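Taking the form deposited in one PDB entry, here's one chain by itself in structure tokens.
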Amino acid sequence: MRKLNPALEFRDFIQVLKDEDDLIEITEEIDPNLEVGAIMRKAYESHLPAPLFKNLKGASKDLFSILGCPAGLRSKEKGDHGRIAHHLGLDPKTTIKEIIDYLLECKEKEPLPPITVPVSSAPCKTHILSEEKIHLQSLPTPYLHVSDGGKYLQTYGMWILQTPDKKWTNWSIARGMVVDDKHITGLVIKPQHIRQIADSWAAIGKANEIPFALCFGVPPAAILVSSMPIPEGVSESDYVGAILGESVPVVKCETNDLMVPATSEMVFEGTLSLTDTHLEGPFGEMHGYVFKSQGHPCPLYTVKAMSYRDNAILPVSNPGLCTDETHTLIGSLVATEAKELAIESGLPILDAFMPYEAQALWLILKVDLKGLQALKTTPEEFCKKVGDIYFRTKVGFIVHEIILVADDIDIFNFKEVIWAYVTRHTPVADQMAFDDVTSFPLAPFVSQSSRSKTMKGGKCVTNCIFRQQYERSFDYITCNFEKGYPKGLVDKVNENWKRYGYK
């Protein structure tokens, strides 16, 4: 077999999953109406191999197969974050701390802007359709959850928009559903960059004609950074090229001057209008609910051209209860930038993480106790400082509870996080509300309350640092096997386990 580069090539990613027995190619006929979404949910929820649906009801031979669960978790024996590690070309047993640390290190690597390659060398240009051949209702788009407001074609593709001055090209994921044979509608919301750039076009009188492209099965490294809140004005493509160690190969669109990854599976191109809008949603989302008939108008994308590979594959994420891409990518990549913001702001933080079990609503910060002790501060002052740093920034938007814990907690292990949460904070008394800050509108306790109208508040910083830990060493014993007993005893016990009679 060829040397695989799963960060760079979506098809190498799929092959490396097959080589690790972490991909099931499903060749019986599967219906895109619900059945694909249900198979995906069963696979996410038991951390099972990713389904590749090779035979969808209503598909043509090229349009399309579906790869579900591209950044779902899997069994610990093969690297439970191996699919995420493969998006970055890392070893599959890389830990989540190492994945986050690698993305931070890559911010100081030289950015490598995309390289234009010839069309004859771009698989995405194998088949090219002009406007009259666009028939979006022909595609076997999945209907992913009961009560969704449409069929969501765009759950794990990349939108490409560029500012009118051409200085900033943004790549990002935002959901999109098929409206009719020529149009898609989807979320284009503050504070996201896709709406900052669409607003720039509106500012020069072009709100109804914003060029875009939509790319599926892009280089896995590019879809991952599409989900990451890197700074405004920074083009994702150049940080993707630093992660890959090589410029992303790109080719020009048929109908506009945007550049798309040459190895994309499918590319749609057209114009977005902020003034022609359409009912969108609802859509089963990252906090685990579909709230019925709770759709709202969103901008319309008019598809004017398409190109695709032979035997094209649509990757799909089907959000809901933990754990799927809206936890493993959205939450971990907020945590990556929250670590970067701690570093920029000089907070004494070792690591940050958004536990999957808290549906990407909790951000845990592991605090360096000696650095905290150097501040000679109190919990009330520190909680305020921390909430003021995060809750009025775009990185903090999705977060509703920031939990502060000492450096003896492995924040990437929810068993330690829930222990430290329940045992180390006094309910209410150790929580600081932040009432003026922008609420995240998708949190269900916001959207199903009168807060949905004010859109402020409902966030807190919770102190799970004991008062003594703000001042000095505080040595207690953690009553479990691995931490509670001396290493020589732990090892003796583990060595004799079988001899005792354990089977």
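Throughout, rigid core stands for the largest set of C-alpha atoms superposing within 1.5 Å between the two forms. Each residue number is its position in the shown sequence, starting from 1.
One more form of this protein exists, namely the form deposited in another entry; it is left out here, but the text below deals with it.
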Taking the rigid core as reference, which of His81, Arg309, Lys339, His193 is displaced at the C-alpha by at least 2 Å between the shown form and the other one? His193
After the core is matched up, is the C-alpha of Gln294 off by 2 Å or more between the shown form and the other one? yes
Is the CA-CA spacing of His193 and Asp257 tighter or wider in the other form than here, given a 3 Å or more change? farther
Work out whether the Cα atoms of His193 and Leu88 come closer together or move farther apart in the other form than they are in this form, the change being 3 angstroms or more. farther
